[PDB]
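Below is one structure, written out as structure tokens, with a few remarks after it.
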Amino acid sequence: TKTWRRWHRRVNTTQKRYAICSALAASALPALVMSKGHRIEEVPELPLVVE
Amino acid sequence: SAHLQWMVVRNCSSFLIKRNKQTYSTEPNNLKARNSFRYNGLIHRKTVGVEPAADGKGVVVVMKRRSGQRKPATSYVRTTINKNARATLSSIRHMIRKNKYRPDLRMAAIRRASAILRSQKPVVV
Amino acid sequence: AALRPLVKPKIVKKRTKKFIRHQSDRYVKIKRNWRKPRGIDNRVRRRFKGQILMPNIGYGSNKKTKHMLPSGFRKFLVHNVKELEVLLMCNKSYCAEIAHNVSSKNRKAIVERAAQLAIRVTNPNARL
Amino acid sequence: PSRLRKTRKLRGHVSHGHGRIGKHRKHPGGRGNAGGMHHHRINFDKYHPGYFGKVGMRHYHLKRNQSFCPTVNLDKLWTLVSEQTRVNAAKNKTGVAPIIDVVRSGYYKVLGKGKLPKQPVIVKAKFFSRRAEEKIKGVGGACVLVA
Amino acid sequence: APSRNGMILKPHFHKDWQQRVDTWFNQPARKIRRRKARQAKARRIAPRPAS
Amino acid sequence: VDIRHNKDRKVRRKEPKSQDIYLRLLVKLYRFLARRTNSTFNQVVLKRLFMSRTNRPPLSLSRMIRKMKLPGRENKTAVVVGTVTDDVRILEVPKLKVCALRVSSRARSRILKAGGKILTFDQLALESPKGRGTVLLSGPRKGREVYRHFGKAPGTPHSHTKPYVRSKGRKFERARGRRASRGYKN
RNA sequence: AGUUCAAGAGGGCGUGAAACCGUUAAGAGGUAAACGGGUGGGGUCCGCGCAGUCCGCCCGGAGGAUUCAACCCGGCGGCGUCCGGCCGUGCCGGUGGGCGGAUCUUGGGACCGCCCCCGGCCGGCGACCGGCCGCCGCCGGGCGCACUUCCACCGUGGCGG
RNA sequence: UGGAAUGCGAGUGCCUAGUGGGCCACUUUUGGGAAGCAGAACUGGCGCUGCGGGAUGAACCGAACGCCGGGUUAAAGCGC
RNA sequence: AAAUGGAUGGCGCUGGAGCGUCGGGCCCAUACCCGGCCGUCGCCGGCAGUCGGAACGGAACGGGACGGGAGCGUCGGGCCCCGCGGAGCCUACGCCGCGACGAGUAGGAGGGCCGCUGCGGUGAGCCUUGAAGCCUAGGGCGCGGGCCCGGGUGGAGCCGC
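Next up, the structure:
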């Protein structure tokens with residue numbers, strides 16, 4: 105094994121921004137959040153906003 | 002949308018069980034507990050769930066209200082039905098059919114109620 | 002009592018014996034686990050008469066009785082009481098097998114809960 | 002990913018996809034581009050005509066900076082100014098014509114592929130093509146040379 | 002060696018290149034060190050523009 | 003008995019190789035339409051949804067305007083299973099109703115500023131389930147660089163196909179075989 | 001004999017495989033063994049094996065307890081030009097005062113395109129909210145006090161699986 | 001009047017591994033007394049292929065193969 | 001006339017079990033026919049119509065004259081009802097139907113709920129009331145790669161998606 109193996113990957117900035125938008129949109133759907141096992145019950149609103 | 006979310010959780014979920022050639026789903030409002038678009042208890046605007054009562058007698062029927070689809074705390078209305086077996090089946094049948102509330106799930110709710118009521122009656126060897 | 006399945010079809014097996022690896026009888030280093038012989042002169046690969054049979058897709062069992070136990074049920078491995086409740090609505094075709102790593106205290110709970118859910122347990126007497 | 006590769010499916014096959022007769026030897030042919038004239042002179046002639054030989058005259062100490070002459074065609078000439086510039090200029094009734102300074106956009110020579118709208122324009126560039134100048138005049142514009 | 006259509010490639014790997022391979026795993030480290038040098042210099046010449 | 007099996011399995015796409023769930027929903031929609039409707043338009047659209055990106059070349063705005071200006075094409079919807087790109091060599095854009103999978107931002111701005119309408123394939127199903135009043139367009143499939151290298155070999159007499167060349171100049175595959183003064187020129 | 005939970009942890013001592021060997025038990029033995037396919041015999045183990053099913057409806061016998069059916073009160077749901085707040089395209093009026101522009105200047109400005117906001121008009125509910133008015137359903141309470149309803153038993157009961 | 005019969009769905013692009021020692025038989029055929037020798041043509045085959053028959057056998061005769069039950073044949077057989 | 005003793009395959013066969021020409025029976029292949037099961041390939045194959053009213057071969061409107069009727073001038077007839085009710089379905093990457101086919105070295109491709117080690121998530125996972133590992137005439141699953149459970153030993157970690 106050699107140290108000059110490719111360890112690092114570069115992703116396009118537009119694709120990285122795309123992934124964040126998709127992650128944010130999914131975080132507002134309670135079905136997807138419960139499918140992560142996040143125990144969102146008794147939570148008043150899934151897009152929880154506090155002062 | 003139900004179909005959009007189903008394409009996300011179809012094979013990737015915390016409730017998904019894959020084991021010895023069969024698949025199950027353990028979300029709380031899934032009658033028959035099967036990984037299917039029709040029976041998934043999280044992705045629809047109206048779902049029906051049948052669970053045993055808090056104590057050992059009766060059936061609690063859960064229904065998703067139309068409003069507050071993004072409000073988990075108030076999304077579910079639960080009714081405790083504790084009467085004889087034939088009356089319990091009739092009440093669940095009327096809630097699904099007379100309201101036109103998910104008539105696709107009528108028999109599945111009734112079978113699950115019979116299983117729960119049977120499991121509550123004493124076991125004699 | 003003995004819980005019975007919804008249907009009990011006649012299970013037909015095309016072969017009950019196991020396919021053994023070639024020359025696994027002659028050597029200890031050669032385990033009986035099947036290997037396809039890729040030898041230029043191999044007579045098992047060439048299908049000579051009176052030799053070790055090679056598995057092929059023709060031996061596959063009926064899809065109506067595939068993975069069926071002799072009792073008529075199909076087995077589902079279970080580790081706790083909650084996993085047992087997944088078989089509430091398929092208890093006439095599926096049975097629960099408790100995993101070997103489940104302790105003695107937890108087996109009593111799974112067996113007791115399965116008894117009142119009409120879920121057949123393959124191994125209810127283990128670790129009694 | 003090593004789990005998606007052919008080696009995983011080549012376990013148990015005595016020859017690793019390389020044959021029993023010819024085998025996988027070190028360098029059955031030459032090394033690199035060896036034998037391009039002797040035993041690989043079908044591959045070289047079929048797929049690389051012109052590979053061998055000398056053509057042209059050498060030029061020592063070539064500095065590409067003085068041969069720098071970026072080009073722009075007439076079909077992209079109006080993209081070097083804003084859309085509002087072209088619309089306002091067309092709607093104007095007098096003979097006033099907007100100026101596109103091609104050198105300001107990083108092009109030196111203007112070529113004449115395409116066609117121009119019937120809208121007079123003053124174009125500044127270091128070099129012009131013969132057909133480019135004729136098309137700018139035909140629309141009603143002028144070609145201005147800049148050093 | 003050649004197989005049907007392709008490019009005549011001439012890689013420069015005939016010269017024991019593995020002894021001289023420059024890996025850039027210290028690249029993030031030299032960014033922090035350059036940055037801390039700039040900040041220290043700016044404080045040392047504080048009123049002066051530090052550019 | 004006495005048959006050949008080397009051509010029994012037809013090699014074609016029966017589903018998109020993509021995992022894009024939004025494309026999978028349109029494939030679900032147009033799979034239903036191709037089955038329950040006698041329209042051959044829905045069958046062609048379903049095939050192109052499966053196809054790869056090289057088989058779905060971008061369609062220039064200029065070419066769509068060219069093809070939608072032909073006689074009898076007025077008040078019809080241009081359907082592209084692919085991307086609609088902007089052409090800067092076109093200065094006037096008329097009003098067009100275009101349905102496409104993707105539209106570039108500048109193309110969408112120019113189409114909308116002209117008074118046109120952009121539709122997705124789910125809105126096209128709602129408006130024209132049969133595919134009536136549409137013009138089914140496609141980008142140039144052989145309009146990409148790999149096809150300059152394909153075909154009759156460069157070192158073969160009447161071939162005009164581009165060789166695979168590392169760098170372009172006087173010293174790169176120009177002497178022997180490309181010139182009567184150096185060996186030959188076919 | 002003793003220590004230790006354990007000497008099946010006893011100073012190259014965690015676990016302790018295979019090759020090879022000793023012993024016990026069983027079986028067999030003149031074509032070297034070993035193998036594939038069929039059976040047959042014997043043996044170890046297994047089957048809450050050893051009087052064999054379990055569900056639904058109906059029919060009788062006798063027992064128990066009552067809510068049921070309907071009606072009244074309260075609570076919660078589901079559905080739909082009636083109203084209001086939103087989300088909005090387009091469309092005008094700007095306190096706008098905003099971002100840009102290879103538009104004009106007479107840096108400051110004017111002009112244009114958008115962005116958001118304000119007011120008026122204009123379309124649609126589904127990952128977008130309320131309120132009347134009905135219709136339907138469920139739950140709790142009351143009354144309903146027995147030819148209704150429900151719960152268990154028996155028949156070697158009948159139909160379906 | 002889709003201008004003979006019969007049968008069949010076709011066309012086309014890219015990338016491409018292994019191979020580039022062969023051998024046998026009917027017929028034809030060159031050298032050699034000849035050879036289970038050397039060299040050719042056509043077709044089939046063995047090599048890559050097991051199965052029934054030729055006692056045995058790479059190539060002959062029959063026939064080509066997913067796991068099975070019934071029936072019937074091929075080539076070859078039916079004293080043991 | 002050829003060298004170990006030996007080969008119509010052997011034994012043996014002579015009103016034939018020899019030679020030639022023929023008949024009728026009969027025996028056997030993985031070939032042929034019928035049937036079952038597995039897979040592969042093909043059908044631009046079927047299913048979003050989960051409905052108690054529902055379904056292929058035409059429907060929807062308004063003008064005049066008419067006959068079959070319910071009514072005794074209305075074609076209203078998504079609204080029907082002494083039952084208020086009617087199995088399963090559709091992980092659409094799912095399910096279902098029909099037809100044909102299945103040899104394989106070198107080699108190519110696909111699938112793998114086959115297996116090994118480590119990482120990110122997840123299983124309100126398992127575990128000193130016993131993890132890993134090892135042994136097994138035990139019960140089984142899968143065409144197979146392998147896997148699950150019972151029992152013994154062991155003593156601290158391990159696995160599913």
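Residue numbers (the authors' numbering), protein chains in the order written: chain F2, 105 to 155; chain k2, 2 to 126; chain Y2, 2 to 129; chain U2, 2 to 148; chain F1, 2 to 52; chain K2, 3 to 188. All C-beta atoms, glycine included, are put in the ideal place defined by N, C-alpha and C.
{"Item": "Does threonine 107 (chain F2) come within less than 8 Å of chain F1 when only Cβ atoms are used?", "Value": "yes"}
{"Item": "Between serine 25 (chain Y2) and the rest of its own chain, which residues show a CB-CB distance below 6 Å, the 5 nearest in sequence each way excluded?", "Value": "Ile31 and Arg33"}
{"Item": "Helix, strand or coil, according to DSSP, for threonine 24 (chain k2) in the structure here?", "Value": "strand"}
{"Item": "Classify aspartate 46 (chain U2) as helix, strand or coil using the three-state DSSP reduction.", "Value": "helix"}
{"Item": "Kindly give me the distance between the Cβ atoms of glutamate 98 (chain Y2) and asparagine 126 (chain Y2), rounded to whole angstroms, as I take these residues to be in contact under 8 Å.", "Value": "About 13 Å; that fails the 8 Å criterion."}
{"Item": "Which residues does DSSP list as the beta-bridge partners of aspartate 42 (chain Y2)?", "Value": "According to DSSP, which records beta bridges pairwise, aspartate 42 (chain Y2) is partnered with nothing at all."}
{"Item": "Would you say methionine 53 (chain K2) and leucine 139 (chain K2) are within 8 Å of each other, going by their C-beta atoms?", "Value": "no"}
{"Item": "Return no unless some Cβ of chain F1 is closer than 8 Å to the Cβ of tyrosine 52 (chain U2).", "Value": "yes"}
{"Item": "Starting from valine 86 (chain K2), follow its DSSP beta bridges and name the residues at the other end.", "Value": "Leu61 (chain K2) and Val105 (chain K2)"}
{"Item": "Can you list the beta strand (DSSP E) stretches of 3 or more residues lying completely in the segment 56-110 of chain k2, in chain order?", "Value": "60-65 and 77-82"}
{"Item": "Whose C-beta lies closer than 7 Å to the C-beta of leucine 118 (chain k2) among residues of the same chain, with five residues either side of it excluded?", "Value": "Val60, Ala86 and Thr89"}
{"Item": "Hey, would you say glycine 118 (chain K2) sits closer than 8 Å to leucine 98 (chain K2), going by beta carbons?", "Value": "yes"}
{"Item": "Let me know the secondary structure DSSP gives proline 53 (chain k2) once reduced to three states.", "Value": "strand"}
{"Item": "Specify the secondary structure class of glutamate 149 (chain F2) as computed by DSSP and reduced to three states.", "Value": "coil"}
{"Item": "Would you say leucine 138 (chain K2) faces chain k2, with C-beta separation under 8 Å as the test?", "Value": "no"}
{"Item": "If the criterion is Cβ atoms closer than 8 Å, does the pair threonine 48 (chain k2) and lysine 65 (chain k2) meet it?", "Value": "yes"}
{"Item": "Just the chain k2 side, please: which residues come within less than 8 Å of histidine 68 (chain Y2) by C-beta, in chain order?", "Value": "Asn21 and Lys22"}
{"Item": "Compare the C-beta of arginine 33 (chain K2) with all C-beta atoms of chain k2 and state if any pair is closer than 8 Å.", "Value": "no"}
{"Item": "Starting from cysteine 144 (chain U2) and walking both ways along the beta strand (DSSP E), at which residues does that stretch end?", "Value": "143-146"}
{"Item": "So which of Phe34 (chain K2), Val46 (chain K2), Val100 (chain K2) and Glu175 (chain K2) has the shortest CA-CA distance to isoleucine 120 (chain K2)?", "Value": "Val100 (chain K2)"}
{"Item": "Mind checking whether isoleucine 58 (chain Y2) and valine 45 (chain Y2) have CB atoms under 8 Å apart?", "Value": "no"}
{"Item": "Could you name the residues of the same chain whose beta carbon sits closer than 6 Å to that of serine 92 (chain k2), not counting the 5 residues immediately before and after it, in chain order?", "Value": "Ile82"}
{"Item": "Counting pairs of Cβ atoms below 8 Å between the segment 48-56 of chain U2 and the segment 177-185 of chain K2, do you hit three or more?", "Value": "yes"}
{"Item": "Checking contacts by CB at 8 Å: is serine 139 (chain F2) closer than that to chain k2?", "Value": "yes"}
{"Item": "For the segment 23-31 of chain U2 against the segment 145-152 of chain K2, are there 3 or more C-beta pairs whose distance is under 8 Å?", "Value": "no"}
{"Item": "Could you compute how far the alpha carbon of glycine 141 (chain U2) sits from the alpha carbon of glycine 37 (chain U2)?", "Value": "59 Å"}
{"Item": "Listed in chain order, which residues of the segment 83-99 of chain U2 have Cβ atoms closer than 8 Å to some Cβ of chain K2?", "Value": "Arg87"}
{"Item": "Under 9 Å, CB to CB, which of the residues in the segment 107-133 of chain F2 have a partner in chain k2?", "Value": "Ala130, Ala132 and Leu133"}
{"Item": "Does the beta-carbon of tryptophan 108 (chain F2) have 16 or more other beta-carbons within 10 angstroms, so that it is buried, or is it exposed?", "Value": "exposed"}
{"Item": "Spell out the partners DSSP gives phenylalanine 77 (chain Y2) in its beta bridges.", "Value": "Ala97 (chain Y2)"}
{"Item": "Over the uninterrupted alpha helix (DSSP H) stretch that includes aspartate 124 (chain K2), give me the two end residues.", "Value": "123-129"}
{"Item": "By the three-class DSSP mapping on this structure, what secondary structure does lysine 187 (chain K2) have?", "Value": "strand"}
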